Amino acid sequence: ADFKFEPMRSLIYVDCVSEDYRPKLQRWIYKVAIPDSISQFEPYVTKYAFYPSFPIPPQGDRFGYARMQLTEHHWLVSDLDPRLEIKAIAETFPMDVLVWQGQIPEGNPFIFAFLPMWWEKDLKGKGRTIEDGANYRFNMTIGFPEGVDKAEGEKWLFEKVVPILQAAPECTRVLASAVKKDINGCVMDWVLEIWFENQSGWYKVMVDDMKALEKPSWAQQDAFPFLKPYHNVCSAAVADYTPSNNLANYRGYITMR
């Protein structure tokens, strides 16, 4: 019988591999994914929201930049509990959505990271408010390649990478949670959000300041983040606010006139 109280925040990195797919993928998301979703999890999800990603910045491709959105659920129970596999009504989820997102064409894994509802580490910019200004919120998840010691990767991240973020005045905030791997075997290890004022601030720090970094022995590309795009790193730059707070705001797929 018993079901564990397991409050978590999920993030899904929704890419769009081509502008010709955008109308169709966007349609599916807003016309189909929302109602199918709420139909299933309304009673045990407290917040379902989409954060459309800003235009892909220069060299964003190398950070597995999700060109469509982030998809953010707040769960009261583990959606991977086997008993939750049973649904009266099932979702409409065509093959085509996976083509559009880039799961299918070599093809890219579906990154679904589970987190505790609150950030575990606050490494810069504590006490910042909304009045302090509009944030270019760079959300990035990473997973160290196979056969790399996790403790060693953690040590690299926090002792080599983060200090560069702390040094940069262009970087207003740094936050990190460790991925709940015990839930869905997500290959990612960390999720970070790193705020800037704008795209140029992002570039200056995440490209130029980061050239200073020693290229690690396990690197899957020459430059930071040294991890395989869309496979061992995904990301998105998003705004402080979304109008797509789906549990509160959705009123059907109303069409423009």
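Numbers for residues come from their place in the sequence shown, where the first is 1.
Colleague: Between residue 105 and residue 106, how many deposited residues lack coordinates (none, 1 to 3, 4 to 9, 10 or more)?
Modeller: Unresolved stretch here: 10 or more residues.
Colleague: Hey, which bit's got the bigger mean C-alpha B factor in the entry, 11-19 or 244-252?
Modeller: Averaged over C-alpha atoms, the B-factors run higher in 244-252.
Colleague: On average, which has the higher Cα B-factor in the deposited entry, 145-153 or 96-104?
Modeller: Higher mean C-alpha B-factor: 145-153.
Colleague: Determine, from the deposited record, the chain-internal third of the Cα B-factor for residue 129: lowest, middle or highest.
Modeller: Within its chain, residue 129 is a highest-third residue by C-alpha B-factor, going by the deposited values.
Colleague: By the recorded C-alpha temperature factor, relative to the other modelled residues in its chain, which third is residue 182 in?
Modeller: Top third by C-alpha B-factor.
Colleague: Would you check the entry's CA temperature factor for residue 227 and let me know if it's in the chain's lowest, middle or highest third?
Modeller: It falls in the middle third of the chain.
Colleague: Consider only the C-alpha atoms of the modelled residues in this chain, order them by B-factor as the entry records it, and name the third containing residue 215: lowest, middle or highest.
Modeller: For residue 215, the deposited C-alpha B-factor lands in the highest third.
Colleague: Quick one: classify residue 166 as lowest, middle or highest third of the chain based on its Cα B-factor.
Modeller: Within its chain, residue 166 is a highest-third residue by C-alpha B-factor, going by the deposited values.
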